[PDB]
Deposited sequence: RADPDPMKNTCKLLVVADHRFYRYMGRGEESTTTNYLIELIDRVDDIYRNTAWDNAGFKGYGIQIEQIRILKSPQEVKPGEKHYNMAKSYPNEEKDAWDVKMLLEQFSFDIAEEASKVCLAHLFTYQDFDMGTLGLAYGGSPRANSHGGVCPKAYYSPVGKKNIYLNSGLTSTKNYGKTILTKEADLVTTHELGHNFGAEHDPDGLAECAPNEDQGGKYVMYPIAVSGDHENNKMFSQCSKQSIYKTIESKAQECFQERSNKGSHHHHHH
């Protein structure tokens, strides 16, 4: 482990919805929430031994927090991840999650090329209980830690796949902080290279009396069970395949 290259620096973006609903129209409330959330997620990462031995101390730190206090004004037909209306259905509280991540990655491309990861924090009720999305760890899909260019034929420019998003709204209410911590952990988990834990591998998907599920389980975990705030051995194997190579590529020293 390289202590000079063990931290994935993050650009954290809070959109106007997150600012209004979670930050109560205040920057200090917005930033404190995000600073504490990343630090608790960092504790999970930093304490994980990816090889089940001494390969630990790998984590995350915020480089910058961008706070979008108001919606992004758009020209008719033009779209932006921070616009007032949801896309593609303006009548719905939320965007289609996949289109929102693509849009965020498009709009943040220049900034994203200079950071290990960009993560959007929003407050919108994604259809069917979805809480987040991220590139990487998907079973021709690519992305995750360290900017990787993708030429957008629609966008007509390179976008970077080092992105993810978390919503703190679900089924018409703010999720608990213990729940939000796990969304971000899961999404950054995909960014670090983990896929979802399968039911077919009991070691990676234990029963409730055996500590419950691990953070990469596809059905959301409310941190009440022992395993909820940990990575399965499946997640560790997947992340460990590339963690060191990615660390050499874009990770920095813990500030």
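- The deposited chain is incompletely modelled, with C-alpha atoms absent over 1-3, 143-144, 261-270.
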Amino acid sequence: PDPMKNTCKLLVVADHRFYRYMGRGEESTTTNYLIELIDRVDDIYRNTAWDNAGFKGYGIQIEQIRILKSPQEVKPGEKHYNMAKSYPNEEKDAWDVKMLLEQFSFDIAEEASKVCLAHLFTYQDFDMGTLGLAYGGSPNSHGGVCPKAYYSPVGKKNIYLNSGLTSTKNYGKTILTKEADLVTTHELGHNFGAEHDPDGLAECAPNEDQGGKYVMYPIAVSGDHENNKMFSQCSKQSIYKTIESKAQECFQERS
From here on, numbers count along this sequence of modelled residues.
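Take the two forms, superpose them, and find the largest set of C-alpha atoms that agree within 1.5 Å; that set is the rigid core.
- The higher RMS C-alpha distance to the shown form in 5 other deposited structures of this protein, out of 32-40 and 217-225, belongs to 217-225, with every structure fitted on the core.
- Using the rigid core as the fitting frame, the root mean square C-alpha deviation in 5 other deposited structures of this protein is greater for 239-247 than for the other of 239-247 and 5-13.
- In at least one third of the other compared structures of this protein with flanking residues present, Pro139 is left unmodelled.
- Look at the C-alpha B-factors of 195-203 and of 49-57. On average they run higher in 49-57.
- In this entry, the higher average B-factor at the C-alpha atoms falls on 221-229, of the pair 221-229 and 37-45.
- The PDB entry gives the largest Cα B-factor of the residues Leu133, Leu120, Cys116, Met128 to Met128.
- The PDB entry assigns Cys234 a C-alpha temperature factor belonging to the middle third of its chain's modelled residues.
- Among the modelled residues of its chain, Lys9 has a C-alpha B-factor that falls in the lowest third according to the deposited record.
- The deposited CA B-factor of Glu102 belongs to the middle third of values across its chain.
- The PDB entry assigns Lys178 a C-alpha temperature factor belonging to the lowest third of its chain's modelled residues.
- In this PDB entry, the Cα temperature factor of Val145 sits in the bottom third of its chain's modelled residues, the lowest group.
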